[PDB]
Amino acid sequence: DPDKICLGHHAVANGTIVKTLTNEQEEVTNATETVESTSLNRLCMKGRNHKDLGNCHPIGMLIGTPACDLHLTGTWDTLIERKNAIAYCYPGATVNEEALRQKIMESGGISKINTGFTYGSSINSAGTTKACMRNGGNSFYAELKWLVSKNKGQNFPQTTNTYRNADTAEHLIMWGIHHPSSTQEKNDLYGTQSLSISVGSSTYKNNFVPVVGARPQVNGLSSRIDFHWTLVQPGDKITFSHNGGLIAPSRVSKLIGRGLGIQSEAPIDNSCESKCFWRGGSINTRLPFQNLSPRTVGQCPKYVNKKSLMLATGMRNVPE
């Protein structure tokens, strides 16, 4: 008999399932994802003065490995490190290696300054090796010099070299200690004398002795060249005294500014931007969470142990 007006709400055929405080299987008219599952398989470097190191290891930039010849100097806001990158052509290792790598990966460029070190007539300062090839010929670490006695068997003379930091900023200096394979090798290069290498500044000092010892060959070489480093402050001097065994620096490094070190396996792309990176590439999502990797760098969504979290963007779905 009477006229009527009915009130209602919309609905859909296929609803989306979401979770609430009280219900794990709650159907709603629409929902949207909050955990990012997918990544771009690229390092997105638009709006960034970047540097892809290739097969050059960050430490190789400072000592000057053949692989790092294009990366001895420069400026950048982002530095990309790659897998199986070469730091040392000659067998050996750097003492306090990981901290040095982290310092370089936090920097925004490298300048190089000459030490100015010179050597007497009885020293040969241009010693080379088969392990460090350059231009199809024998060579050595570009920023260092292998000092040996010019006449084979003669005693390496007592030499004292001092580098002064004339800059207003902090400088980084590296050197190496040759540890020979045999006792005869040691006598041919440096002499029968007992070897000793002292290094000293206002903020650092240490002593080093070459050690003759048999050990397994790496690329046909049982000898080693281990590296050491320190920071030389503005105005301060650092003094090397040595009578054979020092791998002396021809140049020192200055780490300039700040930058974002990335370790990744993904190729560069300059057509698009990103603020979040990982091993597999870039994460350009607007979502607050991600499940790709717990290891990321930059401004990133927070990693969560969840495949999906649907956020409801609609009422309960109650279909006809």
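For every residue, the number given is its place in the sequence shown, counted from 1.
J.: Quick one: is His71 left out in at least a third of the other entries we compared?
T.: Residue status for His71: no gap in any other entry.
J.: Among the other entries of this protein that model both neighbours of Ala214, is it absent from at least a third?
T.: Other entries vs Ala214: at least a third skip it.
J.: Which of the two stretches, 90 to 98 or 158 to 166, shows the higher mean Cα temperature factor in the record?
T.: Per the PDB entry, the higher value belongs to 90 to 98.
J.: Where do the C-alpha atoms have the higher mean temperature factor in this entry, in 247 to 255 or in 266 to 274?
T.: Result: 266 to 274.
J.: Pick out which of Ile238, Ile110, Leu79, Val218 has the highest C-alpha B-factor in the PDB entry.
T.: Reading the PDB entry, the winner on C-alpha B-factor is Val218.
J.: Please pick out which of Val304, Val297, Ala13, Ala312 has the largest Cα B-factor as recorded in the entry.
T.: By C-alpha B-factor in the record, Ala13 ranks first.
J.: Give the position of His242 by CA B-factor within its chain, expressed as the lowest, middle or highest third.
T.: According to the entry, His242 has a C-alpha B-factor in the chain's lowest third.
J.: Based on the entry's values, in what third of the chain does the Cα temperature factor of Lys51 lie: lowest, middle or highest?
T.: Its C-alpha B-factor belongs to the lowest third of this chain's values.
J.: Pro234: which third of its chain by C-alpha temperature factor?
T.: According to the entry, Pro234 has a C-alpha B-factor in the chain's middle third.
J.: Mind checking which third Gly191 falls in for C-alpha B-factor across the chain?
T.: According to the entry, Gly191 has a C-alpha B-factor in the chain's highest third.
J.: Considering every modelled residue of the chain and its Cα B-factor in the PDB entry, is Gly136 in the lowest, middle or highest third?
T.: Answer is highest: the recorded C-alpha B-factor places it there.
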